[PDB]
Amino acid sequence: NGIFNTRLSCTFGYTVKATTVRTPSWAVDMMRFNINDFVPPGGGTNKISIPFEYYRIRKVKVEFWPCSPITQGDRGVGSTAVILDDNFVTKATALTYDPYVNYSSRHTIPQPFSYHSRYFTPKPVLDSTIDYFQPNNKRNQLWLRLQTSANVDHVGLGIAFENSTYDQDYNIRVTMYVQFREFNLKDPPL
Amino acid sequence: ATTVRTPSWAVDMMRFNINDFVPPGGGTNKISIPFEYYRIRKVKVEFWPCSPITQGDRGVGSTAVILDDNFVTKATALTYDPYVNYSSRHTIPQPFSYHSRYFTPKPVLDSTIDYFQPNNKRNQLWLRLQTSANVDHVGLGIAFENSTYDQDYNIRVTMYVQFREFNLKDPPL
Amino acid sequence: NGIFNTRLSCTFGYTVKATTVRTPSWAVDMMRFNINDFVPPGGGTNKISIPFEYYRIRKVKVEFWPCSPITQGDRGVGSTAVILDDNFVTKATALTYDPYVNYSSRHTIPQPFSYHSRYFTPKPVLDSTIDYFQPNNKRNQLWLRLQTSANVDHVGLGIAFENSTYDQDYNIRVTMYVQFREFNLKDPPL
Amino acid sequence: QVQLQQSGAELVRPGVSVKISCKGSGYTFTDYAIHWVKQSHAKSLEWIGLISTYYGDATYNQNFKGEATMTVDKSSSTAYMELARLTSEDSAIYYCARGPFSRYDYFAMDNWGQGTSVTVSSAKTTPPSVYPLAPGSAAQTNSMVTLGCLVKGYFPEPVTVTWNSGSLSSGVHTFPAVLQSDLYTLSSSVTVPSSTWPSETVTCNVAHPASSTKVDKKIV
Amino acid sequence: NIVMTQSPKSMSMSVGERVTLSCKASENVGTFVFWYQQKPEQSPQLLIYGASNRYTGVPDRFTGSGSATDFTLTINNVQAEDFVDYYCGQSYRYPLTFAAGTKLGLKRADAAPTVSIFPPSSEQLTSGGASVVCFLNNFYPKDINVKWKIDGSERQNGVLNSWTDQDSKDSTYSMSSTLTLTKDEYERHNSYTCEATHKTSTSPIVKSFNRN
């Protein structure tokens, strides 16, 4: 019974910029997800620090910690709509509109200091030409070989940012519940 | 306050001695509290910021419990957060966010072995109340994402401590 | 819930010698057990290949695969009595008698080709002056810090070998059910 | 309060080995990383090796790897550097460097210690031979004149060259010692108005503490 | 290893002048880039840390900038105390490296050297050795070329040169050159010449003497 669950994480900061355009404008960005970011390489015979052959990421929880004070004026609001097919809205600095407003997966994020999170399930990128993927199924969730460095990106999220005359800074944590299989330890002697 | 524009982390650690918590008694009773024995049931560690809510450049940290005296090395600006993938990590936001951890201590019996109990009230062993040679309790490793402002924290540590063998001395007159 | 069980193993060969003494004589040996044998050292930040802080060995199963043919004559028999206090019978080549015959823990092993195993619980060596240890208790089984190289020997078994005019060779496997605690992974970036 | 004190200057013979020490004060070494740096004379800084006093883990520069060994004694809060099979190449100043004490200090200026000089020589203490330098009787400079003193074949450094026991400390130029044949040679020149000399007498005073010798030379 | 190159190696500037020195790495590094200041017989001191942070006790006139491969240290208004050697260092990846360093000296008006040739000493001769000393004092720039001519012939062997640091007061340079010969070989030749060419003059300055 070599099945194993754990919860895995990373965090990084991001800056939304101060702007000069008086009409409301939007900053589009995107979010791809590779586990090679999340892993340290192991040493010796075990190339990867985590002894497993297999993995499948059950959930992805993406957190949003602002550096933005509550005292900050020029307050805004954004949208948070999940992308799962690598077909992205083009990353733009000041879009005239919000392309994320009429997706089914849009959640609303206020700006600048408002806390946000999305608690969801990832999808990797199997073939870029086809972009084919499962329904929501834990039971027939397929397995992925734990590799050295050639691990697949998971297309997770497209994001929007209504632009402001101040900088908006966000400590963006990404947390993953990842399921595992086939513990594969190597023990050379001495 | 820091100058590095990339996110960097301040590692610190927390050891716990009861000699801090005790005043020495006088006369025949060397310790102000008349007991021979003690065992600390719980440790509650509190975090009161001096940091205003109006403070910008806001951050977030991690709080992962250490119970074996094997610490992450205390560092000023670590490139990453080593506390992110522990099982005991709780998240602390910065600068002004209130935090607390309500947990159980472990002392340091032998530094070479670093051996300790499971979670058991019933077979919680006893410790002799001593004068000054009391053991450190390895309690917590902490992380601090660095900022361009100073972050100040009135850090309370609260312990539920169980006792045994009241040992009072009363010299005459 | 950082608790984890697994079953750990090692194997090595051993030679009982051909002898010339016509009276029955006995070869005494002993068996100490260190987990540093069982572990490979990890690399990078994780010094040990297995990410845990804690361990406690639930069981020890010690196996005995002879190289000895069934066709071999001059057949013998030995004893297998468990030692758990590091006080050993002195390792001897040809003892006039069998010191292992009247222990409570003696199991009988026939010689040369007979298969043997002992399915039991270890005891480490806490203090050599006192040699103090638990009763049979899973529930209050204490924990041990997973260390780099200073890991404790576990006093497990004293063994006897009735001597023969032929060599007796045994692929001796030792298998341990070991319980674990406090997964302690380090992932440096990039 | 933070300070790193290093062992005293060392003079040793070639083929020998020596062990340098760096004792930290005001902070615990366990908390950070200790480094030893070498700087040759008139050369650049070279990082030798680092150690984690906590683990004992050590990193070395490949070139130094056989030659130097870094160790540390947390109890004594001291870090050591051992050099073996000494050669003249080894002569240089050695600095030990560390940091603050965690808790987010990654600063506290620096503590490359004072440094320890290491001189590798087979030479024995030798008093300097002082030779007076007087002008050939040529107008070197229109009015004024320059005198000099040659301090040759001495060891070890340093030596003190004063003129008129100190009365003359103007227009003096003492050149850095240079090694020739395993001994040091140095020269000091002194400039004085043509008016004073040969009128007043001028003497140069050299002192070699290692030899405990002081010489006085008058210039004719 | 990551190679750190600093440029220029040596630089001169008048006081009040702004100065900028650079340090480039063969590969990119983070806020593990620091600058050290070192004065003549003193230990290196951490001037700027993390590429742009001041370090305690450092004057405001100093600033540092950069990221990636390129970094620089700048002095808005140079003062005398500023004259030193500056080293950039990279704590990013071992082995930790240091740049060659940039020596910053005080610029001043050019000045010719005042040469002086000295014949051997009688006392020195008694020992059987003879050394002719030539002093070239108080000149700028440091660049100078000295040659020895014995009877019009160039003599390279036995010459030892030594230079002092820029004078604290006048900010000039001084040099001493010694030619050492034996009593015999010295006695054999008549004229000894100390020749030096300096930017200050097209015509090489010469100082010579004949035996007695």
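Residues numbered from 1 in each chain as written, not as in the entry; some residues may be left out. Chains lettered and ligands numbered in written order. Part of a larger assembly, values for the part shown. Heavy atoms only, no water.

The deposited coordinates, according to the entry record, derive from cryo-EM at 7.2 Å resolution.

Bringing empty space enclosed by the protein into the picture now. Within the structure shown, the criterion is met by 12 cavities of 30 Å³ or more. Within this model, the largest cavity holds a volume of roughly 120 Å³. Lining the largest cavity are 15 residues, and of these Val178, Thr185 and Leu186 of chain D together with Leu160 and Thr178 of chain E sit closest to its centre. Sorting the residues of the lining of the largest cavity by element identifies β12 (145–154), β15 (178–180) and β16 (183–192) of chain D together with β14 (159–163) and β15 (173–182) of chain E as the ones contributing at least two each. Broken down by class, the residue content of the lining of the largest cavity amounts to 6 nonpolar, 8 polar and 1 charged. (1 Å grid on protein atoms, 1.4 Å probe; cavity = no way out; pocket = protein on both sides within 12 Å on 5 of 7 lines; lining within 4 Å. Points joined across faces, edges and corners; volume = space filled by probe spheres on them. Helix = DSSP H or I, 4+ residues; strand = E, 2+ residues; numbered from the N terminus. Nonpolar A, V, L, I, M, F, W, Y, C, P; charged D, E, K, R; others polar.)

Here we take up the sheet that holds strand β8 (residues 78–83) of chain D. Residue and element names in this part refer to chain D. Spatially, the 4 strands line up as an open sheet ordered β1-β3-β8-β7, and their pairing is antiparallel. Sheet topology places β1 (3–6) and β7 (68–73) at the edges, where each strand pairs with a single neighbour. Across the sheet, the axes of successive neighbouring strands diverge by a mean angle of 20 degrees, strand direction being ignored. Relative to strand β3 (residues 18–25), β1 runs antiparallel, the two sharing 4 bridges. Paired with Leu4 across the strands is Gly24, a residue of β3. (Pairing = 2+ DSSP bridges. Axes fitted to C-alpha atoms, helices over the stretch in contact; angles between N-to-C directions.)

Turning our attention to the pattern of salt bridges. All names here are of chain E. One pass over the full model with this rule turns up 19 salt bridges over all chains. Ionic pairing is found between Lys149 and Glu195, a salt bridge with its closest N-O pair at 2.9 Å. In this pair, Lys149 sits in strand β12 (residues 144–150) while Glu195 sits in strand β16 (residues 191–198), placing the two residues 46 residues apart along the sequence. In this structure, a network of salt bridges that share partners links the residues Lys147, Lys149, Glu154 and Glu195. (Salt bridge = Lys/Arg side-chain N within 4 Å of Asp/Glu carboxyl O.)

Let us look at the nonpolar core. By size, the foremost hydrophobic cluster in this structure holds 61 residues, and its most contacted members are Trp36, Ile48, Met81 and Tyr94 of chain D together with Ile75 and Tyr86 of chain E. Setting aside its immediate chain neighbours within four residues, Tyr94 of chain D contacts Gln6, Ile20, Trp36, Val37, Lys38, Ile48, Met81, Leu83, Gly115, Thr116 and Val118 of chain D. (Core = buried A, V, L, I, M, F, W, Y, C linked by side-chain atoms within 4.5 Å. Buried < 20%, exposed > 50% of the residue type's maximum accessible area, 1.4 Å probe, protein only. Contact = heavy atoms within 4.5 Å.)

So, about the arrangement of the chains. Taken together, the 8 pairs of chains in contact show their highest number of contacts between chains D and E. Spatially, chain A and chain D are disjoint, and the shortest separation between their C-alpha atoms is 16 Å. Taking C-alpha atoms as the reference, chain A and chain E come no closer than 16 Å and do not contact one another.

We now examine the environment of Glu145 of chain B. Checked against the element boundaries, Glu145 of chain B lands in strand β8 (residues 136–145). When the C-alpha atoms of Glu145 of chain B and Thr79 of chain B are compared, they prove to be 9.9 Å apart, with 66 residues separating the residues in sequence. Each residue touching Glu145 of chain B, except ones within four places of it in the same chain, is listed here: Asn171 of chain A together with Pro7, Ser8, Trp9, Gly59, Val60 and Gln94 of chain B. A distance of 2.9 Å separates a polar atom in the side chain of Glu145 of chain B from a polar atom in the side chain of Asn171 of chain A. At 3.2 Å, the side chain of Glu145 of chain B and the backbone nitrogen of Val60 of chain B are in polar contact. (Polar contact = N/O pair within 3.5 Å; in protein donor to acceptor, adjacent residues only side chain to side chain.)

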